[PDB]
Structures are given as C-alpha cells and as structure tokens.
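Below: one structure, written as structure tokens.
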Amino acid sequence: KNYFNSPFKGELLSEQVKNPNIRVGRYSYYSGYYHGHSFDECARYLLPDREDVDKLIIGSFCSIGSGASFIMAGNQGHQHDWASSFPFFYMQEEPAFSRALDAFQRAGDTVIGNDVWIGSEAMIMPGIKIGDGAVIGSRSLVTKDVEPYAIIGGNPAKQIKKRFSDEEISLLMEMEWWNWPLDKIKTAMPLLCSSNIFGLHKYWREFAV
Amino acid sequence: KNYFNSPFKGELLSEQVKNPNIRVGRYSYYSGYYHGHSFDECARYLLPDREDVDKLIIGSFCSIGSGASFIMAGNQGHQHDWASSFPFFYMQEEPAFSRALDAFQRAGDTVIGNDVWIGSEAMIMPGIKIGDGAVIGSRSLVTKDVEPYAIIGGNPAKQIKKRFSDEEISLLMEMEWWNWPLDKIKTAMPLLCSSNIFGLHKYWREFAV
Amino acid sequence: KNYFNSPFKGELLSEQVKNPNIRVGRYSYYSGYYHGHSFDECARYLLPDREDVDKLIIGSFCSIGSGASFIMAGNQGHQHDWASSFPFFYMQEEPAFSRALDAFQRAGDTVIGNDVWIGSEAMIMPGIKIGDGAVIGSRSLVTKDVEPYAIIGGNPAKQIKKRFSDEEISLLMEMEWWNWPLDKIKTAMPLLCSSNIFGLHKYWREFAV
Ligand SMILES: O=C(N[C@H](CO)[C@H](O)c1ccc([N+](=O)[O-])cc1)C(Cl)Cl
Ligand SMILES: O=C(N[C@H](CO)[C@H](O)c1ccc([N+](=O)[O-])cc1)C(Cl)Cl
Ligand SMILES: O=C(N[C@H](CO)[C@H](O)c1ccc([N+](=O)[O-])cc1)C(Cl)Cl
Ligand SMILES: O=C(N[C@H](CO)[C@H](O)c1ccc([N+](=O)[O-])cc1)C(Cl)Cl
Ligand SMILES: O=C(N[C@H](CO)[C@H](O)c1ccc([N+](=O)[O-])cc1)C(Cl)Cl
Ligand SMILES: O=C(N[C@H](CO)[C@H](O)c1ccc([N+](=O)[O-])cc1)C(Cl)Cl
Ligand SMILES: O=C(N[C@H](CO)[C@H](O)c1ccc([N+](=O)[O-])cc1)C(Cl)Cl
Ligand SMILES: O=C(N[C@H](CO)[C@H](O)c1ccc([N+](=O)[O-])cc1)C(Cl)Cl
Ligand SMILES: O=C(N[C@H](CO)[C@H](O)c1ccc([N+](=O)[O-])cc1)C(Cl)Cl
Ligand SMILES: O=C(N[C@H](CO)[C@H](O)c1ccc([N+](=O)[O-])cc1)C(Cl)Cl
Ligand SMILES: O=C(N[C@H](CO)[C@H](O)c1ccc([N+](=O)[O-])cc1)C(Cl)Cl
Ligand SMILES: O=C(N[C@H](CO)[C@H](O)c1ccc([N+](=O)[O-])cc1)C(Cl)Cl
C-alpha cells in the first residue's frame, strides 16, 4: 500500500522517519509517491539497532524527490582488495566458510546539509558529504563529496555550476538562515523567496543583535 | 496489482491513457510489466484538471519501454536562483510561511515525435522535445532536445549517432509516413520493414497524387 | 508480497531461479529486498520455453545487489536500421500489419563470470560478457564487454581501474579458485579473505597434485 496519498504532496521527514540512525532537520520532507515506501527505506542497509554503524544525517529545509536513496552499511561486507569479493563471513549456513574473516568496513556518516534539493532517483554512495545549498539532479549517482551550493548531475555525478557567486555563497554560509528562529524566517520570507541574497544578509545583520 | 499480464506484450497508449493532459498518437504503446503501473503514472507530476500546465504529447508508432518516465510540472515549485530551493509556498500548514511567493515555473510541453523508441527506465526532463525517429537508450537521462533520427544514451544523455544518412533523414522528414492512410501503410509494410528508405520514398511519390 | 524477509540477507540463485534459460553457479546470490521480486524477474524478457534464445549464464561466488537487471531478448523486435523502429510484426491484432517482417535479432548469451560483484540497479545490456572478478558499480549501464577484474561504473559504464596488478590477475586466472573442491576452499579461506594473492597461488600449487 502506498505510503503517500498524492504525487503532489510529500511528508515531513520528522513525521515519517522511525530508524534511530537517521537524524533529520526541521521542515525537510520526502515526496515518495512514485516509489511507495516512506523515507526509512530510502536509507538502504541502515541497521536500526546499534551505535557502531554509519548514520544518515539530513539538515533542515531539504526537499527529497521520489525514490532517492542513500546507500548505507559501508562496503556491505565486500572487500574488492581481497582475493574474492564474495562475503563468505556472511554465509555461515555453509560450514566450509567457518574460517572466513569479516570484510565489513565503515565509510563514515552520510551527511546532507541544509537547503539541499535532492532529485528523484538520485543515489548517494556511502560516506558522502553534501554541502549546504546543493542541488542534486534527478538520477545522479553521487560518488564524491559535494561542495556547498553546487548543482550536480550525471552518473557519475559531476558539478555543473554553482547556484550563486562565491561572494553570495560566502554571505549565505555566514548567516546560516536555516538555523534562525522561526519568527525571523517568517519575517524574511519575501527575501528568502527572492534572488536578493545581499538583502537577506542585510536583514540578518539588522536582527542578529 | 500489475496492470500488465506479460513482459512480452504492452498496451496501446490510446487504450490506457486517462490523463487529459497526455495526448497520444495511433499505435504507440507502453510495455510496463517490470514497473506495474499503466502509462499515466509515467507522466510524473502531471496535473489532470486544468489547461494551464505543461502537457505531454506523444506521436504515432512510438515504442515505450518499462518504467520510462516523463517529468512534468516544470520546476515543481523550486527556484534554485532564490535564496532557498525549499518550496515554502507549498507548505502552508506552517503559518510562518504565509508570506511565501510561488516559485513555480512552467518548462513548456514535453513533445515526443513519431516513430520514437524509448528505452526502459529512460527519464525525460521537463520541457524536452524529441524529434521524429529518435532512439532513446535505456536509462538515458534526457536533459536537452533530441534531433530527429538521433540515437542517444547516457546520464546525461549524449548523441551517439544518427539512424540514417542526412539524405535519408531528409526523405523521411519529407514523406511523413506516420501520417499516411492505413491502406498505404499496409501496402508499404515490406518497405517499412526494410532499410530501403529510397524505395519507401519512391512509393510515397507514386501514391501521393 | 516481498520475496525477501530482510535487506540484510539475500538468497542463493540456485534456490530461487526457476527460468530454465538462466544457469547459475554455486553460492552466487541475489539480495533483492528493495525491489521485491526474486531473481527470475531480473532477467528481463527472457523466454523460458525454448532453446533458440539468448541465455543468461552466471558463474559461482557472485554477489548481485537489489534491482540489478539483465536485459534479454536481443533487440526485442526493433530494428533501428529499418525505416521504422516500430514492431509491426508483433502487433498482429492490426490486420494492416499482416505483411510485416520480424525484426527480431539475437545478441548472444549474457555471460557473467565467477567472483563478480554486481551493484544494485546496474543494468546489463543484451549480449554482454563480464569477465571473472569484475566489480560492476551500482547503477552502471553496461554497454560493452567487461575485462576480468575490471572495476567499472557509470552510464554508460567505463572502466575505472582493475582490482589487482596484471601479474596478480594472471595468477588468479590460472588457479581458478572458484572451481576448487569445497574442502580446498575451506582450507584456503584465510587466504581468500586477504590480499595475499601470491600466497593463495602458492597454496594452489601445493595441493594441485
Ligand atoms: O511535497 C511538496 N512538493 C513536492 C515537490 O518537491 C511534490 O511532489 C509536488 C510536486 C509538484 C507540484 N506542483 O505541480 O506544483 C507540487 C508538489 C510540497 Cl507540498 Cl512541500
Ligand atoms: O544480525 C544482524 N546483522 C548482522 C550484524 O549483527 C550482520 O549484518 C549480518 C548479516 C547476515 C548474517 N548472516 O548471514 O548470518 C550475519 C550478520 C541483523 Cl540485526 Cl540484520
Ligand atoms: O532534476 C532535475 N530537474 C527537476 C525535474 O523534476 C526540476 O527541473 C528541478 C530542477 C532543479 C530544482 N532545484 O534546483 O531546486 C528543482 C526542480 C535536473 Cl536538475 Cl536533472
Ligand atoms: O528591509 C530591511 N529592514 C526593514 C526596515 O528597514 C524591516 O526591518 C524589514 C526587514 C525584512 C523584511 N523582509 O525580509 O521582508 C522586511 C522589512 C533590511 Cl533587509 Cl534593509
Ligand atoms: O509490446 C510489444 N513489444 C514489447 C517490446 O517493445 C514487449 O515487451 C516485447 C518484448 C520482447 C519480445 N520478444 O522477446 O520478442 C516481444 C515483445 C509488441 Cl507486442 Cl507491440
Ligand atoms: O491543489 C492541487 N494542486 C495545487 C495547484 O492547484 C498545487 O500543486 C499545490 C500542491 C500542494 C499544495 N499544498 O501543500 O497545499 C498546494 C498547491 C491538487 Cl489539484 Cl494536486
Ligand atoms: O536500450 C538499449 N538496448 C535495448 C535493450 O532492451 C535493445 O538492444 C534495443 C536497442 C535499440 C532499439 N531500437 O533502436 O529501436 C531496440 C532495442 C541500448 Cl540502445 Cl542502451
Ligand atoms: O514498387 C513500387 N511500385 C509498385 C509498382 O511498380 C507497386 O505499386 C508497389 C508499391 C509498393 C510496394 N511495397 O511497399 O511493398 C509494392 C508494390 C515503387 Cl516503390 Cl517503385
Ligand atoms: O546477502 C548477503 N549480503 C548482502 C550484501 O551483498 C546483504 O544485502 C547485506 C547487506 C548489508 C550487510 N551488512 O550491513 O553487514 C549484510 C548483508 C550475505 Cl548475507 Cl550472503
Ligand atoms: O508467443 C510468445 N512469444 C512470441 C514467440 O513465440 C513472441 O515473443 C511474440 C510476442 C508477442 C506477439 N503478439 O503480439 O502476438 C507474438 C509473438 C509467448 Cl511464449 Cl511470450
Ligand atoms: O556500487 C558501489 N558501492 C557500493 C554501495 O553499496 C559499496 O561501496 C561497494 C562497492 C564495491 C564493492 N566491491 O568491490 O565488491 C562492494 C561494495 C560503487 Cl563501486 Cl558505485
Ligand atoms: O601455507 C602454506 N602451506 C601450509 C604448510 O606449509 C599448509 O598446507 C596451509 C595451506 C593453506 C593455508 N590457508 O589457506 O590458510 C594454511 C596452511 C602455503 Cl600457502 Cl606456503
């Protein structure tokens, strides 16, 4: 049964996420009608029962399209530098594999910043960091860390351009509007819904003491 | 429940399409067994209830493989040139967002020509025009308009080659066999099932007055 | 209903495969929780009822991730070198198409070697041969044959690197550990779970008469 009533509406990550090893920021949402499942299944292979695994961390004011996925569990027990990539350690039904060593290796957390737009069916590899403000094109295969405000696409994903000038990006990284009190975001809404980064920064300087 | 009985058979677009904002030509079909849904769900985010949206237009004698998708609704309410890509205007459950502006922007219709082969899990971005005779490889991410008779593939999709010489393409674009009366298509079937473009054009000149 | 109980466990190919035109080696498995179906549906368009079609052959000690697919049935009745790519021969419901010729062309078997790791949602095109020891990255679109021990990724897929030196690859191709009696694999398990290719080859020379 589809978790979603409509392709024209998602649901807050904070409302649907049940895996303890996913941490999500305010207002971020997943719109998953075309793939049926809620967001937890987007975090593939993420054990929910222990601290000693790579975690998935998502910032605030993120938009995540249908069927995006975040590949967890590191190398999933496969070490291609070993003679075989086959996970003998994980097939203990076979007594002949009893002397196997565990190939599992962590990749580090997957960290998605604030104000990140993730297109439908993008797939983020293990251990990837995505900076604030990035745009991940639909169907991107994200194999490398993504700089703040980068627009990327492709398989493998490559940076196409940045959303703003370096000077504007510096202003945004300084003001961190995604952490403002809600009443300031409410007041700033006309500027947030605009290309006027300099004006948004001017408001930040006005209210921030 | 799967809309399709078999992976070895599709169904005519004209028989399955119910969205009023999808227009389809004769004999074009969708073979969707491996993704379950009928063709309407291939047109993602396509509002069915109004005239003032981008429409999906598909020509005649097109073949569409399983899970191909056509991304509609323009930018879906996200403007990356604005300070935030987050669609505040669409989260009016939050009163703090009441002053938001609508970021929505149309992309233009998605237009698929005649005699177009679309491979399984190709994904066509908003506003894309695909010329007559094109071949869209499986898993293509189509980010730019496609020339008539181009064979393309990849993510992002790139033109690999064309199906015919420029001279042969000129003959095909002149004769427009996909608009012939059915009795002419019936008579031309041996030539249509052949590489004899010059002969097909000769038949067109014979019957077209 | 999901064929799989868990994303953390697959099932042996030998246990789940029912299509007579799929041949699989020992211990190879498919972990398909995120796409629901058992492995047979991974082999798209593979007729089960006759000898005169391209077959899917998979070696031993292969690991196949969720939603990987192997596109069978050659050109599926579409010949882009003909005037139309539309499969008139397959729409005999329309009497006007009765003079159509069958465009179907075989591509040759799809052959996956031993000790091959196939990432989730990789898609292998018709007729492709993948050498022993290869690693197929997640979401690869595999359009060309893959050399033994190549690590590939992308759409279209490209070779990134090889797993071992040419000298080490030569040792592995000579010893063919994937065909050893199980008692030798059991004894060699510490070396198989290691980067010590030279030591594994030394054990092979010790026991092989
Ligand atoms: O969920 C939301 N938007 C997503 C797009 O990110 C939703 O799927 C959607 C798509 C299209 C659209 N439209 O055509 O205006 C509106 C919402 C907002 Cl309601 Cl928060
Ligand atoms: O036991 C579990 N996971 C273990 C680590 O505790 C690991 O992922 C695993 C998977 C399969 C397996 N096996 O085939 O027996 C053993 C451990 C469950 Cl919590 Cl998924
Ligand atoms: O994913 C893409 N486009 C989507 C289609 O749903 C749409 O055009 C879009 C692109 C960017 C965006 N953003 O920068 O926030 C929002 C929607 C391309 Cl960037 Cl690959
Ligand atoms: O406009 C500004 N301040 C005015 C008073 O000069 C007021 O405080 C204000 C701030 C923000 C705003 N907004 O984000 O829409 C509107 C008015 C600064 Cl951005 Cl210069
Ligand atoms: O639907 C049709 N063909 C699609 C391929 O575009 C169908 O999925 C199919 C696939 C393979 C095939 N074969 O092996 O001959 C026949 C039909 C025709 Cl019946 Cl109109
Ligand atoms: O009301 C609808 N769509 C509106 C435009 O009329 C637009 O897509 C939309 C989506 C979500 C929304 N919201 O969160 O309240 C508001 C409008 C339904 Cl027809 Cl999908
Ligand atoms: O999609 C592709 N191949 C499909 C696999 O189902 C098949 O080989 C095919 C290719 C082209 C085609 N056509 O030009 O009409 C028909 C089938 C490659 Cl072109 Cl990426
Ligand atoms: O073959 C041709 N005309 C013959 C008579 O000369 C006849 O009219 C015809 C036309 C088309 C055809 N076909 O498409 O198979 C067969 C015969 C022209 Cl293509 Cl030169
Ligand atoms: O099926 C198996 N492994 C696959 C990975 O190839 C399974 O999906 C899996 C994934 C992650 C994992 N982990 O976190 O350790 C264990 C098994 C082994 Cl149990 Cl044979
Ligand atoms: O009859 C079958 N397949 C035939 C070859 O025997 C071929 O794939 C096919 C598909 C569709 C079709 N049709 O539309 O009538 C005819 C043959 C079934 Cl076994 Cl799938
Ligand atoms: O598919 C990939 N990574 C997977 C994510 O599940 C994982 O990092 C992995 C990569 C290689 C591998 N191997 O060489 O056997 C095993 C797991 C990249 Cl190689 Cl594209
Ligand atoms: O270690 C070796 N032989 C020892 C005796 O010298 C013994 O036969 C053995 C072989 C393999 C092995 N293993 O794969 O772990 C352990 C001991 C050869 Cl690899 Cl040099």
Side-chain angles (χ1 to χ4, degrees), chain A residues 2 7 33-36, chain B residues 1-46 48 55-72 110-124 130 134-136 138-139 178 182 185-186 189 192-193, chain C residues 36-37 40-41 43-49 69 71-80 84-98 100 102-104:
Chain A
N2 203 320
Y33 174 91
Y34 291 106
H35 300 77
Chain B
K1 183 178 179 180
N2 203 320
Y3 187 79
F4 298 86
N5 289 314
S6 178
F8 303 103
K9 196 70 100 193
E11 180 176 303
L12 290 171
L13 294 187
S14 53
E15 285 294 301
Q16 66 190 289
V17 164
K18 304 316 182 198
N19 191 317
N21 283 325
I22 306 178
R23 326 289 163 100
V24 304
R26 57 178 167 158
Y27 296 107
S28 293
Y29 71 92
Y30 172 54
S31 183
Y33 174 91
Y34 291 106
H35 300 77
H37 56 80
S38 66
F39 189 73
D40 279 322
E41 187 167 322
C42 295
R44 301 201 182 160
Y45 321 105
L46 179 56
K55 287 175 200 63
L56 171 63
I57 300 154
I58 298 154
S60 313
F61 306 97
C62 291
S63 313
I64 307 179
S66 195
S69 61
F70 307 82
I71 309 306
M72 312 299 299
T110 296
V111 182
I112 309 309
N114 307 273
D115 190 38
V116 172
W117 188 92
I118 302 180
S120 165
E121 302 195 27
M123 173 185 291
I124 313 292
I130 298 185
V135 172
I136 312 298
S138 298
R139 280 284 181 71
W178 39 79
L182 195 55
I185 291 171
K186 176 190 172 123
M189 198 43 68
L192 280 165
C193 299
Chain C
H37 56 80
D40 279 322
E41 187 167 322
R44 301 201 182 160
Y45 321 105
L46 179 56
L47 290 165
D49 55 4
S69 61
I71 309 306
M72 312 299 299
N75 64 7
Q76 291 180 54
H78 308 270
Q79 177 51 257
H80 54 129
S84 177
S85 65
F86 188 82
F88 295 107
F89 184 88
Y90 293 85
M91 206 168 275
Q92 285 318 105
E93 314 83 273
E94 172 54 63
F97 302 163
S98 67
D102 193 346
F104 173 78

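Lettering follows sequence order; numbering is per chain, from 1. As a basis for the values below, the full set of heavy atoms in this structure was taken, side chains included, without hydrogen atoms, waters or symmetry mates.
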Nearest-0.5 Å distance that lies between atom CZ in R23(B) and atom CG in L56(B): 10.0 Å

With rounding to the nearest 0.5 angstrom, report the NZ to OG distance, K18(B) to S38(B). 8.5 Å

Parallel, tilted or perpendicular, judged at 30° and 60°: which one describes the rings of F88(C) and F61(B)? tilted

Using only atom types and a distance under 3.5 Å, with no angle test, would you say the side chain of [X] pairs donor to acceptor with the backbone of [Y]?
{"X": "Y30(B)", "Y": "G67(B)", "result": "yes"}
{"X": "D40(B)", "Y": "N19(B)", "result": "yes"}
{"X": "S138(B)", "Y": "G119(B)", "result": "no"}
{"X": "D102(C)", "Y": "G77(C)", "result": "no"}
{"X": "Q79(C)", "Y": "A103(C)", "result": "no"}
{"X": "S120(B)", "Y": "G65(B)", "result": "no"}

Ignoring hydrogens and geometry beyond distance, is a side-chain donor-acceptor pair present between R44(C) and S66(B) at under 3.5 Å? no

Would you say [X] and [Y] make side-chain contact, with heavy atoms under 4.5 Å?
{"X": "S98(C)", "Y": "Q92(C)", "answer": "yes"}
{"X": "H37(B)", "Y": "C42(B)", "answer": "yes"}
{"X": "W117(B)", "Y": "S63(B)", "answer": "yes"}
{"X": "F4(B)", "Y": "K9(B)", "answer": "no"}
{"X": "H80(C)", "Y": "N75(C)", "answer": "no"}
{"X": "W178(B)", "Y": "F86(C)", "answer": "no"}
{"X": "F70(B)", "Y": "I22(B)", "answer": "no"}
{"X": "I64(B)", "Y": "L13(B)", "answer": "yes"}

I112(B) and its side-chain contact (heavy atoms from CB on, under 4.5 Å) partner, picked from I136(B), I118(B), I57(B): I118(B)

What pair of heavy atoms forms the shortest contact from [X] to [Y], and how long is it?
{"X": "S28(B)", "Y": "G59(B)", "value": "OG-O, 2.7 Å"}
{"X": "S85(C)", "Y": "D115(B)", "value": "N-OD1, 3.0 Å"}
{"X": "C62(B)", "Y": "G113(B)", "value": "SG-O, 3.0 Å"}

With a cut-off of 6.0 Å (strictly less than), are more than 12 heavy atoms of other residues, nucleotides or ligands near CG of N5(B)? no

Step-by-step side-chain contact (heavy atoms from CB on, under 4.5 Å) determination, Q16(B) to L12(B): CA-CA 7 Å; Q16(B) 66 190 289; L12(B) 290 171; 6.0 Å; no

Pair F97(C), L192(B) - check side-chain contact (heavy atoms from CB on, under 4.5 Å), show working. CA-CA 10 Å; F97(C) 302 163; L192(B) 280 165; over 6 Å; no

Please report whether the ring centroid of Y45(C) lies less than 6.0 Å from that of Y33(B). no

side-chain contact (heavy atoms from CB on, under 4.5 Å) evaluation trace for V135(B) with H78(C): CA-CA 11 Å; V135(B) 172; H78(C) 308 270; over 6 Å; no

